[PDB]
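Here is the structure we will look at.
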Amino acid sequence: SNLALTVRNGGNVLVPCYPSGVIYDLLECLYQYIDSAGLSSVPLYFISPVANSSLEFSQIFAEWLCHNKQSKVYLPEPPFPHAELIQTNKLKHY
Amino acid sequence: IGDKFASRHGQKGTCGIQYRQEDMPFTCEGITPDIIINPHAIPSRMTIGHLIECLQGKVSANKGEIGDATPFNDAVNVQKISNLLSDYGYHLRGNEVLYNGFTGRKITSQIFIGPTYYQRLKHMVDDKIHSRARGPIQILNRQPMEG
Amino acid sequence: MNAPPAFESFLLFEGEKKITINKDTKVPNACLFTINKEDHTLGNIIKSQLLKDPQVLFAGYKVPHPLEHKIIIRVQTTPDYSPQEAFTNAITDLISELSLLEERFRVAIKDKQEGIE
Amino acid sequence: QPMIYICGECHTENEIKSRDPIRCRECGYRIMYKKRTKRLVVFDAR
Amino acid sequence: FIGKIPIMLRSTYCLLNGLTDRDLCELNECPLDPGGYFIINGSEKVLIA
Amino acid sequence: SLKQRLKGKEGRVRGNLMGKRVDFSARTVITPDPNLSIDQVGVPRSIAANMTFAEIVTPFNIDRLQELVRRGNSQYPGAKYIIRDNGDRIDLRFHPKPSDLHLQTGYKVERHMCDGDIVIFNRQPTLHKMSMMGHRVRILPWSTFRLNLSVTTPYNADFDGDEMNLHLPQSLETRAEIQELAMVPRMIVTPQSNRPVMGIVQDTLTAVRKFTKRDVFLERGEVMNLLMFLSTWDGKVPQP
Amino acid sequence: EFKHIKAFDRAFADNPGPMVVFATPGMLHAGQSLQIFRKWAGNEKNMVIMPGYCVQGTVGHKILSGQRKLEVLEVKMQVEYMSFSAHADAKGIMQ
Amino acid sequence: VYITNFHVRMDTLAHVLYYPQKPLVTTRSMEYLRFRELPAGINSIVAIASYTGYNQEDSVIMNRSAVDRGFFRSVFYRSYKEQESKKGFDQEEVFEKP
Amino acid sequence: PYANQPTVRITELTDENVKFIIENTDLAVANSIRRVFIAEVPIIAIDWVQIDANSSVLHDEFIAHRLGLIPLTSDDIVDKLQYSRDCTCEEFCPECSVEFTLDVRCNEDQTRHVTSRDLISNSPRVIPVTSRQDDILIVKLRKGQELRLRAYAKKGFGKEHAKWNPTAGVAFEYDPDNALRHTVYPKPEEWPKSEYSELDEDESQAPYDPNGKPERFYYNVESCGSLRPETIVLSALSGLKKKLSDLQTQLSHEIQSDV
Amino acid sequence: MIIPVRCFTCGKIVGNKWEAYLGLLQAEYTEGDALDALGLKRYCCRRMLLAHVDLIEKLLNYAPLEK
Amino acid sequence: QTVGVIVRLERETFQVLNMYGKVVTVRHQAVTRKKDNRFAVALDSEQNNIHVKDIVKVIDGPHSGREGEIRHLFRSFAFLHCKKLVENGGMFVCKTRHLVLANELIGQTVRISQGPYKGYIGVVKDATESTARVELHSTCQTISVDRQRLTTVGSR
RNA sequence: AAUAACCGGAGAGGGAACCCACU
Ligand SMILES: [Mg+2]
Ligand SMILES: [Zn+2]
Ligand SMILES: [Zn+2]
Ligand SMILES: [Zn+2]
């Protein structure tokens, strides 16, 4: 809610977070919520010297995820949705 | 081009070709006419009321008042209107010199000009043009539909 | 529904080039220059300049159709004089006139703005 | 899933689900309009 | 009860009687509409003498 | 009843057998244009791209026909239907597999007409036989038929919202015979009173009179401009 | 994520110039590969590699054997019987 | 402007114009029709003279700059309708995305 | 055989307009100088309107139309900007455009006049001419409804649309006394003395000139407020020079291809 | 429906003149004099502000059925 | 999944041969008619093009050594008719290879991000391999343009 | 120790009368 309000106000939002762990849950939530307010215009920048490597490593590890995601793998598709985000170009990692 | 504009006297017509302002001619000042109705319409239609309206409109616009045009007045006519034109400085009979916008040379013959009133009619072109290429067919007989 | 897009009056697309030239067979030493997407902005002043030089026998310009933005200039110049070089000389003279007129207006405008007192 | 409609006389926002009476929740008016879209729109000034 | 009979707008029994411009604009009807036509099945019909 | 179904204008005899609907026939309002010759008529891009003309695939033009076919529908110069020799009818409006786009001699191509094509062009009431003329099509941007002014005398049209029907002959032999008979300049004189009918429109009539006044004088630049447009011109200025 | 390997197209079978194409199945019994094999059988310039054992008594064995007439159509291009099996060698089992 | 409350009134085939203007020259009787309050058509400086030969018979040559600045730009309306119908269980018409 | 030496001079200048005279020049070049003012004098005007929510009684497309025609101060930043269709970037970039915002929510009983002063701009160099006199009206608003839109303005010129045309009115003429006799008066008494005439009261008709050509052309250019008239004229001449240079380059390449 | 922000023929900005013009007319001036004071010299610009009809007040008179 | 060819009609049922050569009896309403591709093609393992109503010999399978006219074609099967075969009206089914002759973008808002129409926002109606029709949001017109110039702004 | 299953597999459904309006 706060992120949406700030972006609507037109400011800029900064978010500190390790490039792993809670970031992925946060990204799923944001992926589901962005379309709620239709903020497709505002892009997400993920800046870190290990951003790309962390994303790819999260993608490959399927056997360790939850059952839902392991099934999402058995149905050929990358388990996390930030891959779909990157393919859609809303989120850019640098 | 293809619309239907109708004056207040039955001088119907369709917008032949649309020119840009630079190509459109002008009088000495920056005024450039908006519509060029053909000269040859008047001599057979005998709608001189159109000319009188155009003249009176120029007079009224210069004067700053809405000139009246009651049918049976008999108190106002061409001579009074021409006198008012003499007062306001334009030509007696409403003609003015115009300039070609392509070459720039002055138009050899002075021209009639002035304001008037137009109404674009409901017969837009987009509502009439259509074409068929082996579409549907009626049920009773194997022929093209209608409308 | 069919109105041509507005910019079609000045933009040139691929497959066509601004200028084309063709030789005339009716009379010797005559050439036709076709200019695409151009209107009486230049089609007049080119003739007005070229008629100045006496080396040219005929110079003309015509638009095949106003809705089709295109102009053709046919010129027949005196023998030993090439239409190409005559045309280029006329245009460069016109450019010089235009630029020097610009400068004269520049100096006049400073004169006026600072005052004619 | 449910859509956002406008009463008219109340000017009040209300929700309605399919196959339901078309009445404002407090005045029960019968005329019901539909709200603008959320999809973008952009006109060239021409 | 016998039945229903149409009434033209701006009649002496119509709802649009005695209400000035303010009232009619409140009711979102043009105050300038001359009235004198029957509304039927939604469409707006007129009698030709 | 059957008798009512036959007797009236809508009966099978008159309004359905002698006069029956037909395709390949556009309709719209006309608009004057002097620039183009008497034999030409302008048409809009929409009609020219929605109207169809058949073509037999031949090696002389097979390259161009294939270069046109792969363009597909929705592109003005293009074809929308391809019909095989055996009678198989394959449409291109649904973008089929590219394999069928191969062409060979003998096939039928349903391609849009471009300039040069002949078309018949009438205005009901078609009282005298000269309201049914042919013309060569030309493409112009805005949406209305464009025809030369001198043609409006035989049609009795005046452009004030008068519309005019346009049929496109489909077969090639019919195209040729229409070309050789109904094309306008072959009907300047009329059988009813052995006179010319194309005449001269009111405006050019007054203009030519005022121009050919006995004392008209004209300047060098103006003459050099006027002579440009004479199509049949030799190319030599006359002596003043 | 392969930079230079792209999905095959049937219509490319006729395309000129040297080419490299993988194909299925390794047994050739049905042979979408066999389609291109029949297409190019006449040419002696092309190679084909069979990196595994073929089923005896099938088109696999007919091609395995060198006779031209393999079904009656004659094979002319050159075959190389390679062995890229991923199984255990005697030393592997012993180790 | 065919009637004041055109926005709310949902007719069929309703044309309305951007810029109505009371005519410059008129009768005295016009204002008793309220025609001054709901005028239809725009004044237009006209010039009666064959200019280019593109306006021979009942034709007119229009300045395009005026059209682009608001000369007679009109808007056009159209209203549809639909009666979803419930029947004796042989047919039941309902509003739903197919 | 060479282009004569053009000679000019201004009569007087003012913010509203500029009046001047051209001497020793041809009719065709004078006419082209006029036409360039009307057509080829690029300026900045709003050209891309995106409406978040519109609720007034003017339908949206009307609002886009009206916002199209507002004038903007483009004294010099027009040269810096580079055409949108020509600028290679993502959609609009600060180089090839300018950004405007307009949000109004009439909450008071009285009607509010949404006017050009409410258009918040991004670059101070460009603003509605009224800002830097009454305001230009956009749309009136009743209590309750709102108007919220974002606009992008770019650099165009006369041909594309008449919203880019800054020359309110150009008066061009010459031979105020028909000396050249291009025009003919059947009753020269009736016609009014041109303000630039030098004839006497009785004559009111200059003598026929057996030998002469149009000269001493008179120009009166009235700015619409987008650009100062002197800047308008200078930009016109510079753009015409650019066009001529383009023609020369292309035709030189064509000649080289020919030979 | 509103004042046209520009002269159809010239281009002179006319939209901003309207409220000032109504003020002048309420100030008991003859429309011609008040117009000239507002500075409209050509009759191709005078016409709009002289014979323009303002309906937007009529349209505003109603309630917003959309809110 | 499995189509059949009627070999006999009955008072209330139909005797139909299935794809595997088994004759079954089904109700009149049990089966449904299917569109027939009269211009389909097949291959019988010897690469010579074959079509319906073409004479072919069955040289392998249970019906090896026979001949008949191709009645129906499938992806991998064919219903062949032989007059001499009295059974099942002479129809049978065998695989073709044992015979010898005798888009994403549709419905998605997009943006013309480069070209003469830079900045416009339209909707895509027709998507080809290279070009695409866009219905603009301003003009009463629709345009053609290459996919390279698009950028699926907004969208779902 | 298993192999390209049409891979934009698209025809359309009243009508009949009346009145209005354009030529
Ligand atoms: Mg007529
Ligand atoms: Zn309510
Ligand atoms: Zn940019
Ligand atoms: Zn004006």
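Every chain in the structure tokens has a letter given in the order shown (A, B, ...), and although residue numbers restart at 1 in each chain, ligands are simply numbered from 1 in the order shown.
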key: ligand 2 neighbours within 9 Å using only C-alpha atoms (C1' of nucleotides) and all ligand atoms, as a list in words   = residues 6, 7, 8, 9, 10, 11, 12, 13, 14, 23, 24, 25, 26, 27, 28, 29 and 30 of chain D
Residues as selected, N, CA, C and O atoms, written as a tab-separated table (two decimals), in the first residue's frame, can you do that?
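Result file is out.tsv:
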```
chain	number	residue	atom	x	y	z
D	6	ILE	N	-22.82	3.17	-10.76
D	6	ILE	CA	-23.14	4.45	-10.16
D	6	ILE	C	-24.65	4.66	-10.17
D	6	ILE	O	-25.31	4.48	-11.20
D	7	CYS	N	-25.19	5.08	-9.02
D	7	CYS	CA	-26.64	5.13	-8.84
D	7	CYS	C	-27.35	6.10	-9.78
D	7	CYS	O	-28.43	5.77	-10.27
D	8	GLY	N	-26.78	7.27	-10.03
D	8	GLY	CA	-27.53	8.31	-10.69
D	8	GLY	C	-27.98	9.37	-9.71
D	8	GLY	O	-27.20	10.26	-9.36
D	9	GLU	N	-29.24	9.29	-9.25
D	9	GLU	CA	-29.75	10.33	-8.37
D	9	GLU	C	-28.91	10.45	-7.10
D	9	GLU	O	-28.63	11.57	-6.65
D	10	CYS	N	-28.50	9.33	-6.51
D	10	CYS	CA	-27.60	9.38	-5.36
D	10	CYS	C	-26.20	9.82	-5.74
D	10	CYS	O	-25.50	10.40	-4.91
D	11	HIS	N	-25.78	9.56	-6.98
D	11	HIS	CA	-24.39	9.67	-7.40
D	11	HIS	C	-23.50	8.66	-6.68
D	11	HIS	O	-22.28	8.69	-6.84
D	12	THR	N	-24.09	7.76	-5.91
D	12	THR	CA	-23.33	6.88	-5.04
D	12	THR	C	-22.80	5.68	-5.81
D	12	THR	O	-23.48	5.09	-6.66
D	13	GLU	N	-21.56	5.32	-5.51
D	13	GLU	CA	-20.96	4.08	-5.96
D	13	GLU	C	-21.69	2.92	-5.31
D	13	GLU	O	-22.05	3.00	-4.13
D	14	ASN	N	-21.91	1.85	-6.07
D	14	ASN	CA	-22.40	0.62	-5.49
D	14	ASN	C	-21.90	-0.57	-6.30
D	14	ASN	O	-21.55	-0.46	-7.48
D	23	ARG	N	-30.83	-2.15	-7.87
D	23	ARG	CA	-31.30	-1.14	-6.93
D	23	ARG	C	-30.13	-0.60	-6.13
D	23	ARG	O	-29.24	-1.35	-5.71
D	24	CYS	N	-30.15	0.71	-5.90
D	24	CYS	CA	-29.18	1.32	-5.01
D	24	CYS	C	-29.37	0.80	-3.60
D	24	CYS	O	-30.49	0.56	-3.13
D	25	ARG	N	-28.25	0.61	-2.90
D	25	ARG	CA	-28.29	-0.06	-1.61
D	25	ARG	C	-29.10	0.72	-0.58
D	25	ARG	O	-29.54	0.13	0.42
D	26	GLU	N	-29.31	2.02	-0.78
D	26	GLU	CA	-30.00	2.84	0.22
D	26	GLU	C	-31.25	3.53	-0.31
D	26	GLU	O	-32.20	3.73	0.46
D	27	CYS	N	-31.30	3.93	-1.58
D	27	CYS	CA	-32.54	4.46	-2.15
D	27	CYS	C	-33.22	3.50	-3.10
D	27	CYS	O	-34.39	3.71	-3.43
D	28	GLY	N	-32.52	2.47	-3.56
D	28	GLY	CA	-33.11	1.51	-4.47
D	28	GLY	C	-33.54	2.09	-5.80
D	28	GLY	O	-34.63	1.77	-6.29
D	29	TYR	N	-32.72	2.95	-6.39
D	29	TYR	CA	-33.03	3.51	-7.70
D	29	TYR	C	-32.82	2.46	-8.79
D	29	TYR	O	-32.04	1.52	-8.63
D	30	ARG	N	-33.51	2.65	-9.92
D	30	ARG	CA	-33.53	1.65	-10.98
D	30	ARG	C	-32.59	1.97	-12.13
D	30	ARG	O	-32.16	1.04	-12.83
```
key: Picked from chain E by DSSP as helix (DSSP H, G or I), as a ChimeraX atom specification   = /E:21-26
task = Just the strand (DSSP E) stuff from region 89-121 of chain B, please, per backbone DSSP, written as number ranges by chain.
result = B: 95-96, 98-99, 111-114, 117-120
message = Within 10 Å of chain A, which residues belong to chain D? Use only C-alpha atoms and report them as a list in words.
response = residues 38, 39 and 40 of chain D
If you keep C-alpha atoms, can you produce a file of those selected residues as a short mmCIF file (atom, residue, chain, number, x, y, z; two decimals), in the first residue's frame?
```
data_model
loop_
_atom_site.label_atom_id
_atom_site.label_comp_id
_atom_site.auth_asym_id
_atom_site.auth_seq_id
_atom_site.Cartn_x
_atom_site.Cartn_y
_atom_site.Cartn_z
CA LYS D 38 -9.15 1.59 -16.47
CA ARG D 39 -7.41 1.07 -19.82
CA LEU D 40 -5.25 3.95 -20.99
#
```
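All residues, whether protein, DNA or RNA, that have an atom at most 10 Å from ligand 1 (counting only C-alpha atoms (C1' of nucleotides) and all ligand atoms) are residues 12 and 13 of chain B; 156, 157, 158, 159, 160, 161, 162 and 163 of chain F; 57 and 58 of chain H; 22 and 23 of chain L.
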Generate the output file for the selected residues, N, CA, C and O atoms (P, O5', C5', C4', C3', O3' and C1' of nucleotides), as a PDB file, in the first residue's frame.
```pdb
ATOM      1  N   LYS B  12     -26.898  24.383 -52.271  1.00  0.00           N
ATOM      2  CA  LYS B  12     -26.233  23.204 -51.746  1.00  0.00           C
ATOM      3  C   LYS B  12     -24.875  23.039 -52.415  1.00  0.00           C
ATOM      4  O   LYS B  12     -24.556  23.694 -53.410  1.00  0.00           O
ATOM      5  N   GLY B  13     -24.049  22.168 -51.849  1.00  0.00           N
ATOM      6  CA  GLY B  13     -22.810  21.820 -52.509  1.00  0.00           C
ATOM      7  C   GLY B  13     -21.982  20.836 -51.718  1.00  0.00           C
ATOM      8  O   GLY B  13     -22.284  20.566 -50.557  1.00  0.00           O
TER       9      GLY B  13
ATOM     10  N   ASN F 156     -25.821  14.065 -66.625  1.00  0.00           N
ATOM     11  CA  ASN F 156     -26.787  15.009 -66.067  1.00  0.00           C
ATOM     12  C   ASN F 156     -26.581  15.204 -64.569  1.00  0.00           C
ATOM     13  O   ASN F 156     -27.423  15.775 -63.877  1.00  0.00           O
ATOM     14  N   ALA F 157     -25.439  14.745 -64.061  1.00  0.00           N
ATOM     15  CA  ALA F 157     -25.102  14.879 -62.653  1.00  0.00           C
ATOM     16  C   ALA F 157     -24.578  16.283 -62.399  1.00  0.00           C
ATOM     17  O   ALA F 157     -24.268  17.021 -63.337  1.00  0.00           O
ATOM     18  N   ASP F 158     -24.504  16.664 -61.123  1.00  0.00           N
ATOM     19  CA  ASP F 158     -24.032  18.000 -60.788  1.00  0.00           C
ATOM     20  C   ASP F 158     -23.158  18.056 -59.539  1.00  0.00           C
ATOM     21  O   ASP F 158     -22.766  19.156 -59.133  1.00  0.00           O
ATOM     22  N   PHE F 159     -22.832  16.923 -58.922  1.00  0.00           N
ATOM     23  CA  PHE F 159     -21.989  16.812 -57.733  1.00  0.00           C
ATOM     24  C   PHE F 159     -22.671  17.240 -56.441  1.00  0.00           C
ATOM     25  O   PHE F 159     -22.077  17.071 -55.373  1.00  0.00           O
ATOM     26  N   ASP F 160     -23.892  17.773 -56.486  1.00  0.00           N
ATOM     27  CA  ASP F 160     -24.546  18.267 -55.275  1.00  0.00           C
ATOM     28  C   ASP F 160     -25.153  17.108 -54.487  1.00  0.00           C
ATOM     29  O   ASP F 160     -26.340  17.076 -54.168  1.00  0.00           O
ATOM     30  N   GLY F 161     -24.302  16.144 -54.159  1.00  0.00           N
ATOM     31  CA  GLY F 161     -24.749  14.965 -53.456  1.00  0.00           C
ATOM     32  C   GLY F 161     -25.318  13.881 -54.338  1.00  0.00           C
ATOM     33  O   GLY F 161     -25.777  12.861 -53.815  1.00  0.00           O
ATOM     34  N   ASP F 162     -25.316  14.065 -55.654  1.00  0.00           N
ATOM     35  CA  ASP F 162     -25.682  12.983 -56.551  1.00  0.00           C
ATOM     36  C   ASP F 162     -24.613  11.907 -56.473  1.00  0.00           C
ATOM     37  O   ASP F 162     -23.417  12.207 -56.481  1.00  0.00           O
ATOM     38  N   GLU F 163     -25.076  10.671 -56.283  1.00  0.00           N
ATOM     39  CA  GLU F 163     -24.142   9.523 -56.196  1.00  0.00           C
ATOM     40  C   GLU F 163     -24.100   8.832 -57.558  1.00  0.00           C
ATOM     41  O   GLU F 163     -24.853   9.256 -58.461  1.00  0.00           O
TER      42      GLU F 163
ATOM     43  N   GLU H  57     -19.572  22.707 -60.312  1.00  0.00           N
ATOM     44  CA  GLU H  57     -21.020  22.708 -60.109  1.00  0.00           C
ATOM     45  C   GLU H  57     -21.360  22.280 -58.690  1.00  0.00           C
ATOM     46  O   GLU H  57     -21.089  21.144 -58.293  1.00  0.00           O
ATOM     47  N   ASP H  58     -21.988  23.185 -57.947  1.00  0.00           N
ATOM     48  CA  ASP H  58     -22.396  22.930 -56.573  1.00  0.00           C
ATOM     49  C   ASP H  58     -21.249  22.317 -55.781  1.00  0.00           C
ATOM     50  O   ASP H  58     -21.426  21.378 -55.004  1.00  0.00           O
TER      51      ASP H  58
ATOM     52  P     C L  22     -35.388  15.522 -48.997  1.00  0.00           P
ATOM     53  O5'   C L  22     -34.091  14.905 -49.684  1.00  0.00           O
ATOM     54  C5'   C L  22     -32.794  15.271 -49.235  1.00  0.00           C
ATOM     55  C4'   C L  22     -31.741  14.346 -49.784  1.00  0.00           C
ATOM     56  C3'   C L  22     -31.619  14.312 -51.298  1.00  0.00           C
ATOM     57  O3'   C L  22     -30.836  15.375 -51.803  1.00  0.00           O
ATOM     58  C1'   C L  22     -31.642  12.103 -50.447  1.00  0.00           C
ATOM     59  P     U L  23     -31.173  16.006 -53.238  1.00  0.00           P
ATOM     60  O5'   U L  23     -31.174  14.756 -54.217  1.00  0.00           O
ATOM     61  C5'   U L  23     -29.989  14.365 -54.888  1.00  0.00           C
ATOM     62  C4'   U L  23     -30.304  13.829 -56.256  1.00  0.00           C
ATOM     63  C3'   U L  23     -31.496  14.466 -56.944  1.00  0.00           C
ATOM     64  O3'   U L  23     -31.175  15.695 -57.568  1.00  0.00           O
ATOM     65  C1'   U L  23     -31.668  12.122 -57.097  1.00  0.00           C
TER      66        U L  23
END
```
Selection within 7 Å of ligand 3 by only C-alpha atoms (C1' of nucleotides) and all ligand atoms, output as a list in words =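 The residues within 7 Å of ligand 3, counting only C-alpha atoms (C1' of nucleotides) and all ligand atoms, are residues 84, 87, 88, 89, 90, 91, 92, 93, 94, 95, 96 and 97 of chain I.
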query = Residues within 10 Å of ligand 4 (only C-alpha atoms (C1' of nucleotides) and all ligand atoms), as an MDAnalysis selection string?
reply = (chainID B and resid 30:32) or (chainID H and resid 45) or (chainID I and resid 168:169) or (chainID J and resid 6:14 40:48)
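Residues in contact with residue 93 (chain A) at 12 Å, where only C-alpha atoms (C1' of nucleotides) are counted and same-chain residues fewer than 6 positions away are skipped, are listed as residues 19, 43, 44, 45, 46, 47, 48, 49, 50, 51, 52, 53, 54, 55, 56, 82, 83, 85, 86 and 87 of chain A.
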Go ahead and write the selection's residues with C-alpha atoms as a short mmCIF file (atom, residue, chain, number, x, y, z; two decimals), in the first residue's frame.
```
data_model
loop_
_atom_site.label_atom_id
_atom_site.label_comp_id
_atom_site.auth_asym_id
_atom_site.auth_seq_id
_atom_site.Cartn_x
_atom_site.Cartn_y
_atom_site.Cartn_z
CA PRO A 19 19.79 -9.91 -2.99
CA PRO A 43 9.76 0.13 -13.79
CA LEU A 44 11.54 -1.85 -11.09
CA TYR A 45 15.33 -1.57 -10.95
CA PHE A 46 17.28 -4.23 -9.06
CA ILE A 47 20.83 -2.96 -8.61
CA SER A 48 23.55 -5.16 -7.21
CA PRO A 49 26.85 -6.80 -8.24
CA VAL A 50 25.23 -10.23 -7.76
CA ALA A 51 21.70 -9.52 -8.94
CA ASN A 52 21.85 -11.61 -12.11
CA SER A 53 23.63 -14.54 -10.47
CA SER A 54 21.19 -14.57 -7.57
CA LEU A 55 18.20 -14.57 -9.90
CA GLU A 56 19.55 -17.45 -11.98
CA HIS A 82 10.52 -12.96 -11.38
CA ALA A 83 11.72 -14.80 -14.49
CA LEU A 85 8.88 -10.32 -14.83
CA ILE A 86 12.31 -10.07 -16.45
CA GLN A 87 10.98 -11.52 -19.70
#
```
request  = Could you tell me how far CA of residue 158 (chain I) lies from CA of residue 44 (chain H), in Å and to one decimal?
outcome  =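 Calculated distance between CA of residue 158 (chain I) and CA of residue 44 (chain H) is 22.0 Å.
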message = Quick one: residues within 6 Å of region 27-31 of chain E, only C-alpha atoms (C1' of nucleotides), excluding same-chain residues fewer than 3 positions away - as an MDAnalysis selection string?
response = (chainID E and resid 21 24) or (chainID H and resid 4:5) or (chainID J and resid 62)
What would the file look like if the residues just selected were written as a CSV table (one decimal), in the first residue's frame with N, CA, C and O atoms?
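Saved the output as out.csv:
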```csv
chain,number,residue,atom,x,y,z
E,21,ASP,N,-37.4,26.7,-14.9
E,21,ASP,CA,-36.1,26.2,-15.4
E,21,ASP,C,-35.3,25.5,-14.3
E,21,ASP,O,-34.7,24.5,-14.6
E,24,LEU,N,-36.8,22.1,-13.7
E,24,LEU,CA,-36.7,21.1,-14.8
E,24,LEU,C,-35.2,20.8,-15.0
E,24,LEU,O,-34.9,19.6,-15.3
H,4,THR,N,-30.8,20.8,-25.6
H,4,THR,CA,-29.8,21.1,-24.6
H,4,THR,C,-29.2,19.8,-24.0
H,4,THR,O,-28.0,19.6,-23.9
H,5,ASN,N,-30.1,18.9,-23.5
H,5,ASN,CA,-29.6,17.8,-22.7
H,5,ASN,C,-29.3,16.5,-23.6
H,5,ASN,O,-29.7,15.4,-23.3
J,62,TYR,N,-27.2,21.4,-15.3
J,62,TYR,CA,-27.7,20.1,-14.9
J,62,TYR,C,-26.8,19.5,-13.8
J,62,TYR,O,-25.7,20.1,-13.5
```
